[PDB]
Amino acid sequence: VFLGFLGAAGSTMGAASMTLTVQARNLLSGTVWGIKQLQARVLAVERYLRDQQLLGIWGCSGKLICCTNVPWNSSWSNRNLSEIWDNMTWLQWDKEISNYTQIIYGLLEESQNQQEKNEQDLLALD
Amino acid sequence: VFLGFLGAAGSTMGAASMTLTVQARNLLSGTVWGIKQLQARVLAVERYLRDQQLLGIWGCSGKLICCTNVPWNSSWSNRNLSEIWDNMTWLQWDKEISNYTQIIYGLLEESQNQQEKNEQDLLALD
Amino acid sequence: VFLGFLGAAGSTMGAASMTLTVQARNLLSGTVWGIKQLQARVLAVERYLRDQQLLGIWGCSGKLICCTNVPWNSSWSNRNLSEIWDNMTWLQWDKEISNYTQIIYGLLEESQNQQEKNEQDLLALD
Amino acid sequence: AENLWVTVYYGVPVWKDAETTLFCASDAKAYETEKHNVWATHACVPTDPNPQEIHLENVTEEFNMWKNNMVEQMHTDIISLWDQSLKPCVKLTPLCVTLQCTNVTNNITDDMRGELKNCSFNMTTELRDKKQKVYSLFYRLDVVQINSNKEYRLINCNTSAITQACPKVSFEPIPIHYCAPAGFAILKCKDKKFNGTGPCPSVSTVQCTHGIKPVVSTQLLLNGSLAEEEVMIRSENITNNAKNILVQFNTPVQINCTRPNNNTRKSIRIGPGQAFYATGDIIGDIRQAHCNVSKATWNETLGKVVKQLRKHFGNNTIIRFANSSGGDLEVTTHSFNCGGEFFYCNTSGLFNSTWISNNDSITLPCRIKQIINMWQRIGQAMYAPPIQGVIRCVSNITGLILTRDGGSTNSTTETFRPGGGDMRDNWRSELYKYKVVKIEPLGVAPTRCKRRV
Amino acid sequence: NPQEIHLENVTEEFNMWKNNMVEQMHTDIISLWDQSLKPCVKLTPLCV
Ligand SMILES: *[C@@H]1O[C@H](CO)[C@@H](O[C@@H]2O[C@H](CO)[C@@H](O[C@@H]3O[C@H](CO[C@H]4O[C@H](CO)[C@@H](O)[C@H](O)[C@@H]4O)[C@@H](O)[C@H](O[C@H]4O[C@H](CO)[C@@H](O)[C@H](O)[C@@H]4O[C@H]4O[C@H](CO)[C@@H](O)[C@H](O)[C@@H]4O)[C@@H]3O)[C@H](O)[C@H]2NC(C)=O)[C@H](O)[C@H]1NC(C)=O
Ligand SMILES: *[C@@H]1O[C@H](CO)[C@@H](O[C@@H]2O[C@H](CO)[C@@H](O[C@@H]3O[C@H](CO[C@H]4O[C@H](CO)[C@@H](O)[C@H](O)[C@@H]4O)[C@@H](O)[C@H](O[C@H]4O[C@H](CO)[C@@H](O)[C@H](O)[C@@H]4O)[C@@H]3O)[C@H](O)[C@H]2NC(C)=O)[C@H](O)[C@H]1NC(C)=O
Ligand SMILES: *[C@@H]1O[C@H](CO)[C@@H](O[C@@H]2O[C@H](CO)[C@@H](O[C@@H]3O[C@H](CO)[C@@H](O)[C@H](O[C@H]4O[C@H](CO)[C@@H](O)[C@H](O)[C@@H]4O)[C@@H]3O)[C@H](O)[C@H]2NC(C)=O)[C@H](O)[C@H]1NC(C)=O
Ligand SMILES: *[C@@H]1O[C@H](CO)[C@@H](O[C@@H]2O[C@H](CO)[C@@H](O[C@@H]3O[C@H](CO)[C@@H](O)[C@H](O)[C@@H]3O)[C@H](O)[C@H]2NC(C)=O)[C@H](O)[C@H]1NC(C)=O
Ligand SMILES: *[C@@H]1O[C@H](CO)[C@@H](O[C@@H]2O[C@H](CO)[C@@H](O)[C@H](O)[C@H]2NC(C)=O)[C@H](O)[C@H]1NC(C)=O
Ligand SMILES: *[C@@H]1O[C@H](CO)[C@@H](O[C@@H]2O[C@H](CO)[C@@H](O)[C@H](O)[C@H]2NC(C)=O)[C@H](O)[C@H]1NC(C)=O
Ligand SMILES: *[C@@H]1O[C@H](CO)[C@@H](O[C@@H]2O[C@H](CO)[C@@H](O)[C@H](O)[C@H]2NC(C)=O)[C@H](O)[C@H]1NC(C)=O
Ligand SMILES: *[C@@H]1O[C@H](CO)[C@@H](O[C@@H]2O[C@H](CO)[C@@H](O)[C@H](O)[C@H]2NC(C)=O)[C@H](O)[C@H]1NC(C)=O
Ligand SMILES: *[C@@H]1O[C@H](CO)[C@@H](O[C@@H]2O[C@H](CO)[C@@H](O)[C@H](O)[C@H]2NC(C)=O)[C@H](O)[C@H]1NC(C)=O
Ligand SMILES: *[C@@H]1O[C@H](CO)[C@@H](O[C@@H]2O[C@H](CO)[C@@H](O)[C@H](O)[C@H]2NC(C)=O)[C@H](O)[C@H]1NC(C)=O
Ligand SMILES: *[C@@H]1O[C@H](CO)[C@@H](O[C@@H]2O[C@H](CO)[C@@H](O)[C@H](O)[C@H]2NC(C)=O)[C@H](O)[C@H]1NC(C)=O
Ligand SMILES: *[C@@H]1O[C@H](CO)[C@@H](O)[C@H](O)[C@H]1NC(C)=O
Ligand SMILES: *[C@@H]1O[C@H](CO)[C@@H](O)[C@H](O)[C@H]1NC(C)=O
Ligand SMILES: *[C@@H]1O[C@H](CO)[C@@H](O)[C@H](O)[C@H]1NC(C)=O
Ligand SMILES: *[C@@H]1O[C@H](CO)[C@@H](O)[C@H](O)[C@H]1NC(C)=O
Ligand SMILES: *[C@@H]1O[C@H](CO)[C@@H](O)[C@H](O)[C@H]1NC(C)=O
Ligand SMILES: *[C@@H]1O[C@H](CO)[C@@H](O)[C@H](O)[C@H]1NC(C)=O
Ligand SMILES: *[C@@H]1O[C@H](CO)[C@@H](O)[C@H](O)[C@H]1NC(C)=O
Ligand SMILES: *[C@@H]1O[C@H](CO)[C@@H](O)[C@H](O)[C@H]1NC(C)=O
Ligand SMILES: *[C@@H]1O[C@H](CO)[C@@H](O)[C@H](O)[C@H]1NC(C)=O
Ligand SMILES: *[C@@H]1O[C@H](CO)[C@@H](O)[C@H](O)[C@H]1NC(C)=O
């Protein structure tokens, strides 16, 4: 089944995780009034590389999905595994964790691949 | 030997596969009439990221070469291994598979890394 | 400790290697006179993808740090391990190897991932 | 295990309301109309032959037609469109000469009040020496006397400069699709009953909106999108009598407008290069422009609206319709464009009714002005060139712009009058089902998954 | 130091009469002519 772009928006996070390769595909899409679209499509790739840079500096690079070595703090809306992926939408979820989104981002780019990759340089010399 | 940009264009696919890192290098390259090049070099990076996005959503990301778990359908010009890499150029080859290029692309972005990476999330939790 | 953008510029290379994820973060950052910033921020992403392309065609892709199979030629300022990372800054170091920077780059993009990845295609078929 | 770990997801259906730079789209047949770039379609992106509309199941998104930025963007686009089209056009700077005008050739009565003026004046030729004694034909609304015979002047000479619209371009409204750039999307409300504000049960996403023709008009909404089922009534604040009431029709009201005057285009030469298009003598009878509305259709449509008005102003109340209070000509009359001319019709025959709790055509007196100043703009006056032959146009009355009085006596009766002025309202009648959102595909979520060492 | 790579074994069909570089160059020289005459002196009162 292919609901299309933003298809599983009202679906659970677990269900919408199957439609990840759909919203990612149509995310980049390939005299005045003509400069209207130029300045817009320039911001389009800047918006793309911005997320890609974050996706790269973290322990991901490879898009879609990736795991990280960061313990989930209970203060970030303590829900259960079956209460998140099977009883909540991504829109509804992003509304709660929005307060801690900037906090989590810092624990991914700094605490991980700066300490993890440097750790690997010590493990690869032997 | 270094034939240069588009050097092994008339060479076999097997031979031209040695010149992959050459066409990839010169692919990005680093008042009116000055806006002529601006709108052009903007399309240059959009054309680059477009292929890079496809190269990323597939089971590749790492450029140049990568393998995939997709069986070659005989309907896509049934040729042999020694009849493709040692008796056909990339220009001549792209002319035949052009009909099925859009079809193959769908089997790489959707059928693979959406089902493969999700499969890994089940294998990495244990 | 977080000295900030370009923080460990006067620090040793070994010490400044801890601040790699800091200079990388603020490297992309998200009628006339308004076109002044447009043409500038276009060059900003072209400058980014240029380094990212080199970082990709080499045996890296994954940013920050990565190793390579290239022997360090003594002609490139013969210093010792403890005399580089603990007695020299990145600014001071780049000044000496500047003569051989273009030379080293060629040994990374051509000699490696063009011969290494092709080698892997032979190792992955069996 | 039992302790969760964060996992980065890329490509999650997560969006938030925002504002961005929208670009255009207008088919491929519209570009074949050519005629030296009519209106806007010059470097506009061709519309996708097979557009896609994804119905977002289970999704309820709140819309706001009164706080939608697509309108403020479209409005600034049409205005800038107007200026770019008049830049390479002929400037009528030396047309402010003293005009020795007289009545048009006809036979009385004294109630005909002239209307048409036969103005004779001096004019600069190609050479910078000898002048030119040529005559033209201006409307009374275009001229104004100043104090021997009657001497006049152009009505804009004491207000601003004047430039003549090029005869190559046309003011024919063509469908324009508004699209959002990559990373953005446009949501579309698909319920049959929606007052433009509140949560929407059936929401779908699109890349480009439907073909929205930029028809500039007042009082009567022309060539718009018809409503579903019952006619719709939308207002930012119904309790506030200062807020306009946008009406949308279900069944279109057939309207016919004509210009019963075979005009002649005199092309006097104000060289070198520039050329002014005057109005020659009139071939035939001296008749005035008019608009017809089928009495049968208008009676049912108005009666269908008042039944919806009682749903907001009490079930058993009296609704009375009255004409405009007064002011500018663009506000008191039905201003619109047909065949290049700018009509100004008397709407005292459409809003002359009184509704209690329970076969021909309506002709409307229409005036014509050549020198206009739309969008409340000062500094740029456009002289619309005369059009040869009788002009006929058939349009759709698809909505009204009504205003309510403050005289109250509120719990008794209510009076509604036609309004307009702000052209931003005209776009809201088509952009009520669209809003701009940005996609943020980066979402973090916990799961019992950990990486390697 | 311009580079010219000779594509060995390659046979490509050209068409000087259906080449778009001409239509692009032509529109360039024309636009070039207009931009160079915009800040120039207009001889409007020379038609005496
Ligand atoms: C709401 O929507 C309706 C429906 O779309 C719309 O009605 C349209 O009215 C306009 C008038 O304002 C019509 O436009 C003109 O139509 C006449 C008559 O067309 C006949 O011929 C065609 C074949 O070509 C038949 O298919 C058709 O049925 C008619 O029999 C045309 O003659 C007009 O052409 C002139 O104007 C064009 C644009 O302005 C120019 O491109 C064209 O070259 C013509 O300009 C010149 O023509 C002569 C040279 O040949 C020259 O001598 C003249 O001086 C002039 O400079 C024009 O197309 C339109 O057709 C109607 N729509 C439909 C579907 O028929 C309402 O106007 C609209 N309401 C509002 C408020 O916008
Ligand atoms: C707005 O106002 C303008 C005035 O500025 C009017 O323009 C004038 O219109 C009148 C028509 O009533 C014109 O008068 C006519 O001029 C003709 C020109 O004569 C030509 O032919 C002779 C040879 O016969 C040549 O020698 C000469 O050089 C010309 O080439 C006359 O032929 C006409 O005569 C006819 O009418 C009279 C009426 O009494 C008859 O007795 C005659 O037998 C004959 O049938 C006539 O005199 C005048 O020339 C126009 N002037 C200008 C400057 O254009 C507009 O008509 C008016 N428009 C409106 C809508 O009111
Ligand atoms: C040119 O214009 C003049 C205008 O001055 C016009 O002459 C006028 O004609 C009207 C009638 O057409 C006259 O009005 C009449 O007034 C008397 C009262 O004194 C009435 O009794 C008349 O009624 C009769 O005529 C009506 C005409 O429609 C009939 O409908 C009615 O049933 C009666 O039979 C009429 O109202 C007016 O007095 C004159 N004015 C002058 C100054 O003479 C002339 O006809 C016009 N010519 C052309 C060719 O257009
Ligand atoms: C003025 O309003 C009338 C409505 O009475 C408009 O006529 C209608 O035009 C629409 C298209 O805009 C027609 O819809 C079409 O229906 C066919 C039926 O299969 C469908 O295949 C098409 O895809 C399209 O949806 C509609 O049929 C037609 N009404 C009638 C009775 O024929 C008219 O176009 C309006 N004029 C304007 C806006 O200028
Ligand atoms: C057009 O210009 C001429 C000038 O050539 C005007 O003719 C003069 O009019 C003035 C009064 O307006 C008289 O005093 C002169 O005797 C006239 N003749 C000349 C100056 O040679 C004519 O009136 C103008 N027509 C207009 C303004 O409609
Ligand atoms: C330009 O001229 C017009 C027309 O004469 C002026 O409009 C008049 O404004 C006064 C305001 O006191 C009204 O009483 C008149 O009825 C208006 N005239 C018409 C024909 O509508 C306008 O004020 C002038 N602008 C100036 C002098 O700046
Ligand atoms: C407005 O004009 C249209 C056409 O210009 C009229 O529709 C015509 O109606 C008559 C009946 O009286 C039919 O014989 C014609 O075939 C119709 N024409 C078309 C093209 O369908 C319409 O009746 C007019 N309405 C008003 C109020 O004047
Ligand atoms: C609205 O309609 C009324 C008629 O009901 C108009 O009132 C007339 O105005 C004229 C002025 O031109 C007077 O000579 C009449 O005596 C008035 N009639 C009545 C019954 O009062 C009014 O002018 C119209 N207003 C608009 C803006 O159209
Ligand atoms: C619009 O129409 C109305 C009514 O048809 C006009 O009002 C008339 O005004 C004149 C004076 O100008 C009076 O002699 C009439 O008695 C009025 N008619 C009625 C029915 O009262 C009005 O003048 C027209 N024009 C405008 C601009 O409103
Ligand atoms: C609105 O329509 C009514 C008719 O329903 C008009 O009433 C006219 O009133 C005058 C005197 O007040 C009579 O001489 C007319 O005979 C009436 N008309 C009819 C058709 O009988 C009223 O004038 C209209 N209002 C406007 C502003 O036009
Ligand atoms: C308006 O008048 C013009 C002429 O002033 C008419 O044009 C004529 O049209 C007929 C056929 O329609 C041709 O045979 C003539 O040669 C035309 N004359 C000129 C001078 O071009 C035009 O037809 C009139 N308009 C209408 C609706 O009849
Ligand atoms: C979790 O959040 C709380 C705030 O409620 C904070 O005090 C605590 O330090 C956080 N945990 C970690 C490991 O930072
Ligand atoms: C996020 O923080 C704001 C104030 O900072 C608070 O009002 C809101 O309730 C918080 N979100 C949740 C889901 O509690
Ligand atoms: C291979 O192509 C044929 C068309 O000739 C098609 O019927 C078949 O389904 C394709 N194979 C697969 C696995 O889809
Ligand atoms: C590709 O398809 C077209 C028609 O769709 C056909 O004419 C052509 O021969 C096909 N290509 C090959 C190599 O057969
Ligand atoms: C190292 O540099 C010297 C130049 O001093 C050069 O001759 C030599 O070939 C280089 N080594 C390699 C392996 O290329
Ligand atoms: C680099 O080369 C230049 C001349 O090519 C030379 O002057 C300079 O000393 C060299 N750098 C070092 C560190 O020796
Ligand atoms: C024009 O006609 C009107 C009609 O009311 C009249 O008052 C005026 O005197 C006439 N003027 C001329 C110059 O004929
Ligand atoms: C609408 O108007 C009323 C009174 O005119 C006012 O009290 C109210 O705040 C306004 N806004 C609403 C109801 O949203
Ligand atoms: C038709 O209009 C007249 C007035 O013009 C009105 O009295 C009558 O009620 C209307 N009929 C209907 C069915 O609305
Ligand atoms: C008005 O009364 C009608 C019945 O005549 C009813 O259908 C409608 O719902 C009522 N509107 C209200 C109460 O707002």
# chains A, B, ... in the order shown; residues from 1 in each chain; ligands from 1
>>> residues_near_ligand(ligand="ligand 6", cutoff="8 Å", atoms="only C-alpha atoms and all ligand atoms", output="PDB file with N, CA, C and O atoms, in the first residue's frame")
ATOM      1  N   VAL D 144     -12.623  66.904 -16.787  1.00  0.00           N
ATOM      2  CA  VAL D 144     -13.090  67.845 -15.775  1.00  0.00           C
ATOM      3  C   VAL D 144     -12.786  69.276 -16.217  1.00  0.00           C
ATOM      4  O   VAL D 144     -11.650  69.604 -16.560  1.00  0.00           O
ATOM      5  N   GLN D 145     -13.812  70.122 -16.220  1.00  0.00           N
ATOM      6  CA  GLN D 145     -13.669  71.497 -16.685  1.00  0.00           C
ATOM      7  C   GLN D 145     -12.822  72.339 -15.737  1.00  0.00           C
ATOM      8  O   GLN D 145     -12.641  71.990 -14.571  1.00  0.00           O
ATOM      9  N   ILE D 155      -8.886  64.096 -15.995  1.00  0.00           N
ATOM     10  CA  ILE D 155      -9.223  64.066 -14.573  1.00  0.00           C
ATOM     11  C   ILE D 155      -8.043  63.670 -13.683  1.00  0.00           C
ATOM     12  O   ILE D 155      -8.094  63.831 -12.463  1.00  0.00           O
ATOM     13  N   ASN D 156      -6.975  63.168 -14.292  1.00  0.00           N
ATOM     14  CA  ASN D 156      -5.826  62.694 -13.529  1.00  0.00           C
ATOM     15  C   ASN D 156      -4.637  63.652 -13.562  1.00  0.00           C
ATOM     16  O   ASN D 156      -3.662  63.458 -12.838  1.00  0.00           O
ATOM     17  N   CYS D 157      -4.723  64.684 -14.394  1.00  0.00           N
ATOM     18  CA  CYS D 157      -3.618  65.628 -14.558  1.00  0.00           C
ATOM     19  C   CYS D 157      -3.279  66.388 -13.277  1.00  0.00           C
ATOM     20  O   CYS D 157      -2.155  66.860 -13.112  1.00  0.00           O
ATOM     21  N   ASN D 158      -4.246  66.508 -12.373  1.00  0.00           N
ATOM     22  CA  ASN D 158      -4.011  67.209 -11.115  1.00  0.00           C
ATOM     23  C   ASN D 158      -3.835  66.238  -9.954  1.00  0.00           C
ATOM     24  O   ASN D 158      -3.808  66.642  -8.792  1.00  0.00           O
ATOM     25  N   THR D 159      -3.709  64.954 -10.277  1.00  0.00           N
ATOM     26  CA  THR D 159      -3.540  63.924  -9.257  1.00  0.00           C
ATOM     27  C   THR D 159      -2.207  63.200  -9.409  1.00  0.00           C
ATOM     28  O   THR D 159      -1.447  63.077  -8.450  1.00  0.00           O
TER      29      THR D 159
END
>>> closest_atom_pairs(of="chain C", to="chain A", cutoff="12 Å", atoms="only C-alpha atoms", output="tab-separated table")
residue	atom	partner	partner_atom	distance
C:1	CA	A:110	CA	11.4
C:2	CA	A:110	CA	10.3
C:14	CA	A:118	CA	10.9
C:15	CA	A:118	CA	11.8
C:16	CA	A:114	CA	11.9
C:17	CA	A:118	CA	8.6
C:18	CA	A:114	CA	7.1
C:19	CA	A:114	CA	8.3
C:20	CA	A:114	CA	7.5
C:21	CA	A:114	CA	6.3
C:22	CA	A:110	CA	8.3
C:23	CA	A:57	CA	11.5
C:24	CA	A:57	CA	8.3
C:25	CA	A:57	CA	8.0
C:26	CA	A:53	CA	10.5
C:27	CA	A:53	CA	9.8
C:28	CA	A:50	CA	7.4
C:29	CA	A:50	CA	7.6
C:30	CA	A:50	CA	5.2
C:31	CA	A:32	CA	9.3
C:32	CA	A:32	CA	11.9
C:34	CA	A:39	CA	10.6
C:35	CA	A:39	CA	9.3
C:37	CA	A:39	CA	10.8
C:38	CA	A:39	CA	7.6
C:39	CA	A:39	CA	10.1
C:40	CA	A:42	CA	11.6
C:41	CA	A:42	CA	8.9
C:42	CA	A:42	CA	7.4
C:43	CA	A:42	CA	11.0
C:44	CA	A:46	CA	9.6
C:45	CA	A:46	CA	7.3
C:46	CA	A:46	CA	10.5
C:48	CA	A:49	CA	9.5
C:49	CA	A:49	CA	9.2
C:52	CA	A:53	CA	10.4
C:56	CA	A:61	CA	11.8
C:60	CA	A:61	CA	11.7
C:61	CA	A:61	CA	8.8
C:62	CA	A:61	CA	7.0
C:63	CA	A:57	CA	7.1
C:64	CA	A:114	CA	7.9
C:65	CA	A:117	CA	6.9
C:66	CA	A:121	CA	8.2
C:67	CA	A:121	CA	8.2
C:68	CA	A:124	CA	11.3
>>> residues_near_ligand(ligand="ligand 8", cutoff="8 Å", atoms="only C-alpha atoms and all ligand atoms", output="ChimeraX atom specification")
/D:322-327,332-333,346-348
>>> residues_around(residues="residue 92 in chain A", least_positions_apart="4", cutoff="10 Å", atoms="only C-alpha atoms", output="number ranges by chain")
A: 9-10, 12-13, 87-88, 96-97; D: 14
>>> residues_near_ligand(ligand="ligand 17", cutoff="10 Å", atoms="only C-alpha atoms and all ligand atoms", output="list in words")
residues 76, 77, 92, 93, 94, 95, 96, 97, 98, 99 and 100 of chain C
>>> write_last_selection(atoms="N, CA and C atoms", output="mmCIF file, in the first residue's frame")
data_model
loop_
_atom_site.group_PDB
_atom_site.id
_atom_site.type_symbol
_atom_site.label_atom_id
_atom_site.label_comp_id
_atom_site.auth_asym_id
_atom_site.auth_seq_id
_atom_site.Cartn_x
_atom_site.Cartn_y
_atom_site.Cartn_z
ATOM 1 N N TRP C 76 57.102 15.321 3.042
ATOM 2 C CA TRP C 76 56.044 16.227 3.472
ATOM 3 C C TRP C 76 56.274 16.695 4.906
ATOM 4 N N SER C 77 57.399 17.373 5.130
ATOM 5 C CA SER C 77 57.786 17.860 6.455
ATOM 6 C C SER C 77 57.851 16.721 7.472
ATOM 7 N N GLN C 92 49.498 26.513 11.887
ATOM 8 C CA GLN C 92 50.935 26.395 11.678
ATOM 9 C C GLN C 92 51.262 25.173 10.826
ATOM 10 N N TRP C 93 50.460 24.124 10.981
ATOM 11 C CA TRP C 93 50.665 22.877 10.250
ATOM 12 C C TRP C 93 50.273 23.004 8.783
ATOM 13 N N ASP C 94 49.131 23.638 8.532
ATOM 14 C CA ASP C 94 48.623 23.803 7.176
ATOM 15 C C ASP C 94 49.556 24.665 6.330
ATOM 16 N N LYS C 95 50.393 25.454 6.996
ATOM 17 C CA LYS C 95 51.321 26.347 6.312
ATOM 18 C C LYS C 95 52.477 25.579 5.675
ATOM 19 N N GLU C 96 52.858 24.464 6.290
ATOM 20 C CA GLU C 96 53.975 23.662 5.797
ATOM 21 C C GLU C 96 53.550 22.663 4.725
ATOM 22 N N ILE C 97 52.435 21.981 4.963
ATOM 23 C CA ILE C 97 51.967 20.934 4.062
ATOM 24 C C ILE C 97 51.188 21.514 2.881
ATOM 25 N N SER C 98 51.025 22.836 2.873
ATOM 26 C CA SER C 98 50.299 23.525 1.806
ATOM 27 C C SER C 98 50.884 23.219 0.429
ATOM 28 N N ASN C 99 52.189 22.969 0.390
ATOM 29 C CA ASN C 99 52.873 22.637 -0.851
ATOM 30 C C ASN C 99 52.488 21.263 -1.390
ATOM 31 N N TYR C 100 52.122 20.355 -0.490
ATOM 32 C CA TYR C 100 51.826 18.982 -0.879
ATOM 33 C C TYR C 100 50.357 18.616 -0.689
#
>>> atom_distance(atom1="CA of residue 24 in chain E", atom2="CA of residue 38 in chain D")
23.5 Å
>>> interface_residues(of="chain E", to="chain B", cutoff="8 Å", atoms="only C-alpha atoms", output="ChimeraX atom specification")
/E:5-10
>>> write_last_selection(atoms="N, CA and C atoms", output="CSV table (one decimal), in the first residue's frame")
chain,number,residue,atom,x,y,z
E,5,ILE,N,39.7,16.8,-24.0
E,5,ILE,CA,39.8,15.4,-24.0
E,5,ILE,C,39.2,14.7,-25.2
E,6,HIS,N,40.1,14.1,-26.0
E,6,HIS,CA,39.6,13.4,-27.2
E,6,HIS,C,38.9,12.1,-26.8
E,7,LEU,N,37.6,12.0,-27.1
E,7,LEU,CA,36.9,10.8,-26.8
E,7,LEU,C,37.1,9.7,-27.8
E,8,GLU,N,38.0,8.8,-27.6
E,8,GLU,CA,38.3,7.8,-28.5
E,8,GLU,C,37.1,6.8,-28.7
E,9,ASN,N,37.0,6.3,-29.9
E,9,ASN,CA,35.9,5.3,-30.3
E,9,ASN,C,34.5,5.9,-30.3
E,10,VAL,N,34.4,7.3,-30.0
E,10,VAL,CA,33.1,7.9,-29.9
E,10,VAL,C,32.7,8.6,-31.2
>>> interface_residues(of="chain D", to="chain A", cutoff="8 Å", atoms="only C-alpha atoms", output="PyMOL selection string")
chain D and resi 3-15+20-23+43-44+54-59+181-184+205+441-444+446-447+449-451
>>> interface_residues(of="chain E", to="chain D", cutoff="9 Å", atoms="only C-alpha atoms", output="PyMOL selection string")
chain E and resi 44-48
>>> residues_near_ligand(ligand="ligand 11", cutoff="8 Å", atoms="only C-alpha atoms and all ligand atoms", output="list in words")
residues 262, 263, 264, 283, 388, 389 and 390 of chain D
>>> residues_near_ligand(ligand="ligand 21", cutoff="7 Å", atoms="only C-alpha atoms and all ligand atoms", output="list in words")
residues 310, 311, 312, 314 and 315 of chain D
>>> write_last_selection(atoms="N, CA and C atoms", output="PDB file, in the first residue's frame")
ATOM      1  N   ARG D 310     -30.672  33.845   8.117  1.00  0.00           N
ATOM      2  CA  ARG D 310     -31.508  33.690   9.300  1.00  0.00           C
ATOM      3  C   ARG D 310     -30.912  32.671  10.264  1.00  0.00           C
ATOM      4  N   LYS D 311     -29.937  31.906   9.787  1.00  0.00           N
ATOM      5  CA  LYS D 311     -29.259  30.929  10.628  1.00  0.00           C
ATOM      6  C   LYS D 311     -28.226  31.602  11.526  1.00  0.00           C
ATOM      7  N   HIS D 312     -27.996  32.892  11.297  1.00  0.00           N
ATOM      8  CA  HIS D 312     -27.011  33.640  12.071  1.00  0.00           C
ATOM      9  C   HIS D 312     -27.611  34.877  12.736  1.00  0.00           C
ATOM     10  N   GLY D 314     -31.000  35.099  13.775  1.00  0.00           N
ATOM     11  CA  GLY D 314     -32.299  34.744  14.317  1.00  0.00           C
ATOM     12  C   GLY D 314     -33.195  34.128  13.260  1.00  0.00           C
ATOM     13  N   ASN D 315     -33.935  33.092  13.644  1.00  0.00           N
ATOM     14  CA  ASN D 315     -34.785  32.367  12.706  1.00  0.00           C
ATOM     15  C   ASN D 315     -35.919  33.223  12.151  1.00  0.00           C
TER      16      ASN D 315
END
>>> residues_near_ligand(ligand="ligand 3", cutoff="7 Å", atoms="only C-alpha atoms and all ligand atoms", output="list in words")
residues 107, 108 and 109 of chain D
>>> select_by_dssp(residues="range 3-108 of chain A", states="helix (DSSP H, G or I)", output="PyMOL selection string")
chain A and resi 7-9+13-23+25-27+35-57+81-84+90-97+101-108
>>> select_by_dssp(residues="chain A", states="strand (DSSP E)", output="ChimeraX atom specification")
/A:65-71
>>> decode(residues="range 23-27 of chain A", atoms="N, CA, C and O atoms", output="PDB file, in the first residue's frame")
ATOM      1  N   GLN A  23       7.952  10.413   2.172  1.00  0.00           N
ATOM      2  CA  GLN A  23       8.095  11.831   2.484  1.00  0.00           C
ATOM      3  C   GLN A  23       9.522  12.306   2.221  1.00  0.00           C
ATOM      4  O   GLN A  23       9.770  13.502   2.063  1.00  0.00           O
ATOM      5  N   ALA A  24      10.455  11.362   2.173  1.00  0.00           N
ATOM      6  CA  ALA A  24      11.854  11.681   1.911  1.00  0.00           C
ATOM      7  C   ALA A  24      12.107  11.871   0.418  1.00  0.00           C
ATOM      8  O   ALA A  24      12.996  12.622   0.022  1.00  0.00           O
ATOM      9  N   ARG A  25      11.317  11.185  -0.403  1.00  0.00           N
ATOM     10  CA  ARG A  25      11.472  11.248  -1.852  1.00  0.00           C
ATOM     11  C   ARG A  25      11.013  12.589  -2.418  1.00  0.00           C
ATOM     12  O   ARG A  25      11.723  13.216  -3.205  1.00  0.00           O
ATOM     13  N   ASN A  26       9.825  13.027  -2.013  1.00  0.00           N
ATOM     14  CA  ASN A  26       9.261  14.278  -2.510  1.00  0.00           C
ATOM     15  C   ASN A  26       9.673  15.480  -1.668  1.00  0.00           C
ATOM     16  O   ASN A  26       8.969  16.490  -1.632  1.00  0.00           O
ATOM     17  N   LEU A  27      10.816  15.371  -0.999  1.00  0.00           N
ATOM     18  CA  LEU A  27      11.295  16.437  -0.124  1.00  0.00           C
ATOM     19  C   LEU A  27      12.232  17.395  -0.856  1.00  0.00           C
ATOM     20  O   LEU A  27      12.340  18.567  -0.493  1.00  0.00           O
TER      21      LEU A  27
END
